[PDB]
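Peer 1: need a structure here:
(6 chains)
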Amino acid sequence: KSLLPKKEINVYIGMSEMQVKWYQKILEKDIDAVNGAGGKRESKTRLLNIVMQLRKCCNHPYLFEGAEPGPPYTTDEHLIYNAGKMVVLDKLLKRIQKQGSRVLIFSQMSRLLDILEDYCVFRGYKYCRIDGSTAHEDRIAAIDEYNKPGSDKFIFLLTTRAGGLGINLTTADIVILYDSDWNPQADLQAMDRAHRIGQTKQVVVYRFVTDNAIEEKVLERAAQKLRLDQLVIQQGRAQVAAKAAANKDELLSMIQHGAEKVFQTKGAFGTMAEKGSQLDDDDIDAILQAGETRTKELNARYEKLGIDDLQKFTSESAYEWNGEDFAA
Amino acid sequence: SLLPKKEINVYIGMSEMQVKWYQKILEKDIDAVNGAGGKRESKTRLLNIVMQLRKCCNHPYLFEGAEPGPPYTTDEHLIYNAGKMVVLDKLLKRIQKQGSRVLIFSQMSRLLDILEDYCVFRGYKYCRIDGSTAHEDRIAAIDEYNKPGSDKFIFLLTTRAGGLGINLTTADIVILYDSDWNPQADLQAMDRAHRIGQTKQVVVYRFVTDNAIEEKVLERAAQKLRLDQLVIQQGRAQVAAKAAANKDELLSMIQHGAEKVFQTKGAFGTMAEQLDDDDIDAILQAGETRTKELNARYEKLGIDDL
Amino acid sequence: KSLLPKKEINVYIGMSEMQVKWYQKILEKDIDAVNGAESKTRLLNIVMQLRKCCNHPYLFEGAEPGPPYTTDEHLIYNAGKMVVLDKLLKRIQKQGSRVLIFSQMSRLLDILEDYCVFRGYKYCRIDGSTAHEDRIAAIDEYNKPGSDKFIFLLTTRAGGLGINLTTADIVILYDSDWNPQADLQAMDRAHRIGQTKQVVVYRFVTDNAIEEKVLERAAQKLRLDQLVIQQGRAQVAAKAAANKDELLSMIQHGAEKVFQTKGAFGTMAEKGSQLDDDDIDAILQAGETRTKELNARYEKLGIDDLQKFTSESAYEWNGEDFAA
Amino acid sequence: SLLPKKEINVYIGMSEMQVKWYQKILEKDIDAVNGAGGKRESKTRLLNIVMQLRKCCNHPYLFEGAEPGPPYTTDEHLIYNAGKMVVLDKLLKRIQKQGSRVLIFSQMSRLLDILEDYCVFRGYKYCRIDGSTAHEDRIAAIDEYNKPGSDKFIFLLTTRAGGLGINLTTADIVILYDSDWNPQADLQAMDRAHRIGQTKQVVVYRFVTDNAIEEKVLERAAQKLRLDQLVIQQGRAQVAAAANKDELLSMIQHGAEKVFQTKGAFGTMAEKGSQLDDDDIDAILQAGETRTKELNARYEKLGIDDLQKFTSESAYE
Amino acid sequence: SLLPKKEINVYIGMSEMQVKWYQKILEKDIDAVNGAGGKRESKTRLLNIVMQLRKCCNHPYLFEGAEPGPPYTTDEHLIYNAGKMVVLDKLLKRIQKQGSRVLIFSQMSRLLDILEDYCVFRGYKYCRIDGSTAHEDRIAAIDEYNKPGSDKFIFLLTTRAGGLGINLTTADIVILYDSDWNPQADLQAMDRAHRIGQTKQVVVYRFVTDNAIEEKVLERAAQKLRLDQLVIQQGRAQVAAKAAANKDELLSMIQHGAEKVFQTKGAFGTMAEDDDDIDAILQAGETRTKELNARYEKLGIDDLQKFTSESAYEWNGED
Amino acid sequence: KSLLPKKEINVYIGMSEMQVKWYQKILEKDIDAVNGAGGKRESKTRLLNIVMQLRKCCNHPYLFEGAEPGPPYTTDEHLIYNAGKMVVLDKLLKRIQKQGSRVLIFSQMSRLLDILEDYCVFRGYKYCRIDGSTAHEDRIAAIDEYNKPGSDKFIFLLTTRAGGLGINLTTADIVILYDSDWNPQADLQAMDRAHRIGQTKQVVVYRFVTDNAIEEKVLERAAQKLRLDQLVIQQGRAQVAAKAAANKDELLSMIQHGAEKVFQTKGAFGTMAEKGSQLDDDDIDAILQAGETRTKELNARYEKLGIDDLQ
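Peer 2: Numbering: from 1, shown residues only, chains lettered A, B, ... in the order given. What follows is the structure:
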């Protein structure tokens, strides 16, 4: 049946006033590793910490302790307007629900789904959730429930690496990657919970990216690895074809090539029909002239195919689901 | 400075005698040639026709009972019975004319026997390596052919025994009487002359029987070479996709927008304009545009950029 | 939706008189290694030759009656599996069922192709040498409502990912893969989400020959894969830290009784602050009793009964694409 | 012969003073106790409650301002204000009466400080390794308690302090005042006295505050201990999931004698002869499904101790 | 058919003003220039001396208070106080004369701020991307410059800015005002115009201050450029050593001497026929040993490599 | 100290009549796989069997059951003249002992070392033996016995496996590789049991090769892998230098370059001193011509170097 192609749209988001303060605080508390304008010997382990904190900052400041306003602690509108992605998500969901669409929301951090849980309840959004800490008995009680006709649910919160292989939520039509994995195929699996065999509508995938921050550069580094995986796949295709021996169909065309022309011939063949006896070097000059012409033509035919045009036997893309399931 | 070698496919026809045997091989197994028999059949039946058709495009005397009956004599008939022997004779006479020396490779040592009788009949000085030739013996043939002021002119070799790392740059023309299914095997043969130590332009002539089985053998071996150089070309692809990020890649990830972050006193761009749906539908509109250009910019990229 | 569990039946098959001659010839041509004397490379050749004999003698060159090679009933009665297959397929067609036939050897599908033509069986084929556009042409031509095709020949390691042939309800494994996970992929081309009828899988096994022994070793590795799965689940749960809910249940435990308590709590209330030896003997007696009962509850939890979060099993498909 | 140790959970209540402090700890943050607030709250708030309840189940004097007002004395209130101290006092008394010596482990060093004041109050000779104790100190502390005819009686340690392989077999009783979150830690503390060189039966008493937080803590550790055993017992599974010489030899030899015996066709073929009516096929499928059930029901029930191939099996002879 | 790119180092001197600042920098830190600190002292002190000399080789106005005192008016002094501006001024003039369009890259955006002022003073229509430029902003700059009938003539870029795979083949000349420490960064810049779509000959000009720090930087980049190729060239060697013998190798191994073996009815050479015999074998054996090693220990990766199509055994050459 | 380089000499050896019969029989017992092919799945495993049997024949016919003249067995000269390598070994050892040299003999097959033991006893040669899989303490006992001053031993039988164990056998000066390992580094690891720090005399290594047989063809393939190991080693060194940042000494050379000439200059520098203004396009052509000239010269210096230089 017709499975409509997925719309992958990067939606670039800014940062709240609070996010900027923490993003600055993260960079300042370890500015020597950031600057690289001195020794530049500083270890990568120190940078992996800076990267991880800046990714939490792009998601929500409340993941940092001491960020959220002191007592009284309450779930109000500040849970949204203090995170750029929450503001965009809040209005994105408001439009999504009115058009009769249901959305799966994925994330790298389960503690972010916790924020989304408080958000979903605060707005009256019916939801389900799979962490990878939620059991299979409870899994099937929610995924296989979520799909049921007349469902009360609207949002389904999952971690990108929940692991569920062959779990199908085609009754939802929208996929939101709140944050992105460093392995694009991990995000591809999360998409292929709705964009797989069983889906009847157009699947749209929104990938939140904090513009002009670390998340924008990661997106550009993700496209490289995603592109390089295609080259590795294509190189594998050329390797198999180069290692392939001739089949009887390949052998038959070689035997049959010109066999009728030989059966038709009753005198000499080709060049020997031209002369046969060793005549002028003008004949050799004509052959070497015609041979060099056909040689360049042969080289042009195969020098113009190249990678990315290699014949497709298996339909594997770097831009479709691995088939592997991912657990954190 | 080593000049790039010129390679020319010499498309050659067959003599009247070759056509008789070529039809004989096709007829005595016409059921297989017409595409009959079980799909389960062992590949031996078609591969047997291939070797016979290859032996025919080479020289009919490879078949028993072909050469004019007893007694057997070496005359001009050793030449005018094979389309390749005709072209080779004039080509050799013209190669010796301009002062060039030649290496002649072949898949079949039973053909180098025919080329041996031809060299004696024409009075050509020569050396020969079969693969049945021993080590010290094929060293002497190297030294004899490479000696300054060498009496020898032709060097007969098998494509098998040629590619070992040896040097024969005292010859500047290579003649591949027939081609190997493995493209590198012929490439190694050309590199006996086209390697460091060569002072002149190496030229390679590849005898190919037009409109016969060797013309299709050529296309297969040419494809596999194009597949080969694509894999080698891509070799760096596997490890670059495995690599954990460079420390300078990490630094660029952290430094991305650090200035604009510090310059801010309020919030960043999107939060600077709570926003109306006028903004969200305009944000999604501009977002898809940036995605399209990003994917298009990278999808067409080769590995040299990456 | 309801997906009926697959019925897997081993069909034990004998060998024709021709197979016995070759099976003996293989064992005799290297009886030295069969006897016991060190390189497994010599044995790995014997194994592969015996598998070919269990499949079909015509895979050996010179076995089929000499030229011309005619396709008749001898293509069937010279192979034990072919005799069973011809009558099995005949019954399969009569009950309105369509069958996917897998094999490890593409040259065996070549034999099955000649069989299908000899019997008038419409077929399709995916050899792992089949173009994508040629594969999708065979998939659709077999699945289209009111299709004329009846048999679909595939290699077990054809490597098609997510291929859907749910319009067939019978899968026949002509020979078995050394990795049971590869065969489970071939089954899950008919037995997958979309299947409406009862999937029956017939696994041909040459009885009292090498194929019967391979069948037993496959079940051992199949169970060992299940044990690794269970060790993984038990490992993940063992390193897992407490949830906010798990910490909460620890804090809330007995909190009501403490708020309920005005004076002292438990042991200090039962006999306060000064304990004779009769008091200690009662605590230690009940304490050792509750310790044994507590250990017994946890000593009964084996690997085979672990809290599964993801529901993988060595007896279902890995999702792994087996393109060899 | 090393006797298997006796591990006993001794379930203890709380004094009137502990109930007051236990209630205050639950009251000062009753919102988190009832599971209120957002699900986004970090683990820090609940874990702080766990710490306070753990200290309260140990001894109330771990909270400042708990011990009876100034001036401060060390008397019987140090025993009767904590339920674990009351049980320990008669337990230690009975231990010395039977000629036994005891190792007392704890998670908190501030509790060993309380136990120090107890040991001086009752006149017990003791040693102490803290984990905040220098290397040469604990060496002398080990030797002091292990000296033949040692004056000491009680050895106070923290469950982690000493390090691997230290030997305290001159004691035969181990008292875990409070338990650890990972069961290997407590298990290593028992094996300070339960190891080669121990002559007498090692008995381990584990103090557990019944109907409070420590009983619920204990169940989790007992679970994590049971999980570890299943992993370790199944550690042979991945290395088993190649082919031995005998495995390859058995595949080829299987039924080979019956093949050499056969002159015509094999089983299914000799009895029926390449022609099969419906009744013959029906027997083939009924026999196979029966053999299939018995085969699967035999292997899907097995365990690692049956699948594991000994390394001596490769010693083909 | 993509034409190979002309790469030319154009060696330039310094104005009188630059010689002053080049001396002032070396003077104010004369001890480190003579090498004063111990091995423990970090590279920061010397690296800073390097950057100041780099800034001095580009334009003196990169230092504060260098340009003639306020008010700061853009005139000819902006050009004739920097040796590279003097060369660029006539080179751009000739480039536009023959209808050629130029990409100018730089390591420092503050110099692009100077080239920004130069273009206005000369009336050059231009674009600019810093990497501080937004995605949508630099996309529009890409399209504007690549527009058919574009008004722009110069494109100002920082060497790292653009990203990966942007196309600016609507220009044909590349000018690297100052070089990168990493050779594959300047190489990336040239291939923004030297790539698919380029119809004309791409000329690459690299400003190199002769007898200064940039002359010595130029050599180190070319060395790292050579080592980059040698490691790419020998890249397949690791896969070649892992390779197990394919069918042809095993077949040729078995077939070696088989014909002569079957013909032999007695024994082989040695056994068919003294210590004069053994001394002759060791003598002839060392002779055969030297030649074999000399042949192989000179070989390279082109010869020793096994192509992928080698594994696809089709047929024997002789049967 | 002075460690004289090792003499590595291939000793090309023929085959006895008995070897020829078995070598023919091995090739004949599966000739269809040899001359032609089977399935690509079948042929490769089928050929690997032929290779292993052909090497056993090149080593000794008695490795095959029923080959040795009809049992009961006996150690005579027949144990020697029935294997080509044994005949060469018999006369080499006779010369080796008289020149006051002791020899380590390596082999891939312990059943061949079993043959060598019976040979050594048949000739009266005192020996030791370390077999692949010999107990560690027993494995130490032979090293000490063979090396002890005034040792009685003359031959040391080893498997190439038990060579690379960090053992030191410098009291011997001759190494005989009865047969060769497929991994060239394994044989090279066997030579360094005698040719290492502690050796005072000239180490000579004899590598037995059955000429015009499979062992001669292996010699060519093994030499290729030996060169490929050198290329990977060199790629690693070139990779480190490319990854290496500048030294404090490297930076010092960059700062000082031309600094004295700058201090020497009172006006403007080379191009600006020659002209200095916006002058003729003849001036620009003079720079660009010399610039293209120096670029061709600059690239030429570094395009000369190769993976074999790195200096």
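
Peer 1: setting the sequence-adjacent residues aside, check what's closest to residue A:4.
Peer 2: In this structure, residue A:4 finds its nearest non-sequential neighbour in residue A:202, 4.4 Å apart by C-beta to C-beta, 6 or more residues apart in numbering or on different chains. Yep, even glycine has a C-beta here, placed from its N, CA and C like the rest.

Peer 1: and for residue A:48?
Peer 2: Leaving out its chain neighbours, the residue that sits closest to residue A:48 by C-beta to C-beta, 6+ apart is residue B:250, at 7.3 Å.

Peer 1: helix or strand right after the helix or strand hosting that neighbour?
Peer 2: Using DSSP states H and E, residue B:250 falls within helix B:247-255. Downstream of helix B:247-255, the next assigned helix or strand under DSSP H and E is helix B:258-263.

Peer 1: mind listing what the residue nearest to residue A:4 touches?
Peer 2: By C-beta atoms under 8 Å, 6 or more residues apart in numbering or on different chains, residue A:202 lies in contact with A:4, A:7, A:173.

Peer 1: buried set for stretch A:301-310?
Peer 2: Buried residues in stretch A:301-310, counted by 16 or more other C-beta atoms under 10 Å in any protein chain shown: A:302, A:307, A:310.

Peer 1: now do stretch A:58-68
Peer 2: A:58-63, A:67-68.

Peer 1: and if you look at stretch A:63-82?
Peer 2: By neighbour count with 16+ other C-beta under 10 Å, stretch A:63-82 contains the buried residues A:63, A:67-68, A:79-82.

Peer 1: was I right about residue A:122 contacting residue A:79?
Peer 2: Yes: at 6.8 Å, residue A:122 counts as touching residue A:79 under the criterion of C-beta atoms under 8 Å.

Peer 1: closest residue of the stretch 151-300 of chain A to chain C?
Peer 2: Residue of the stretch 151-300 of chain A nearest chain C, by C-beta to the nearest C-beta: residue A:163 (4.5 Å).

Peer 1: so that residue touches residue A:324, yeah?
Peer 2: No: counting by C-beta under 8 Å, residue A:163 sits too far from residue A:324 to count as a contact (10.3 Å).

Peer 1: which neighbours do these two have in common?
Peer 2: With C-beta under 8 Å, 6+ apart, residue A:163 and residue A:324 have no common neighbours.

Peer 1: still on that earlier bit, save the contacts of residue A:202 as CSV, and put in neighbour count too.
Peer 2: As requested, the contacts of residue A:202 are exported to CSV (neighbours: other C-beta atoms under 10 Å in any protein chain shown):
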residue, neighbour count
A:4, 13
A:7, 15
A:173, 22
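
Peer 1: does residue A:283 touch residue A:277 like I think?
Peer 2: No: Residue A:283 is beyond contact range of residue A:277, at 10.0 Å (criterion: C-beta under 8 Å).

Peer 1: neighbour count: the two, which is higher?
Peer 2: Under the criterion of other C-beta atoms under 10 Å in any protein chain shown, the comparison of residue A:283 against residue A:277 puts residue A:283 first, with 17 against 10.

Peer 1: do you know how far that one is from chain F?
Peer 2: Applying C-beta to the nearest C-beta, to the nearest Å, the value for residue A:283 to chain F is 41 Å.

Peer 1: and for residue A:199?
Peer 2: Distance from residue A:199 to chain F, by C-beta to the nearest C-beta: 40 Å.

Peer 1: now swap in residue A:141 and tell me
Peer 2: 48 Å.

Peer 1: so what's the residue count around that residue?
Peer 2: With other C-beta under 10 Å as criterion, residue A:141 counts 13.

Peer 1: for the stretch 51-200 of chain A, give the residue positioned nearest to chain F.
Peer 2: Nearest residue of the stretch 51-200 of chain A to chain F (C-beta to the nearest C-beta) works out as residue A:51 at 22.1 Å.

Peer 1: just chain A next, same as before
Peer 2: The minimum distance from chain A to chain F, using C-beta to the nearest C-beta, falls at residue A:245 (6.3 Å).

Peer 1: wait, what's in contact with that residue?
Peer 2: Counting by C-beta under 8 Å, 6+ apart, residue A:245 has contacts E:312-314, F:40.
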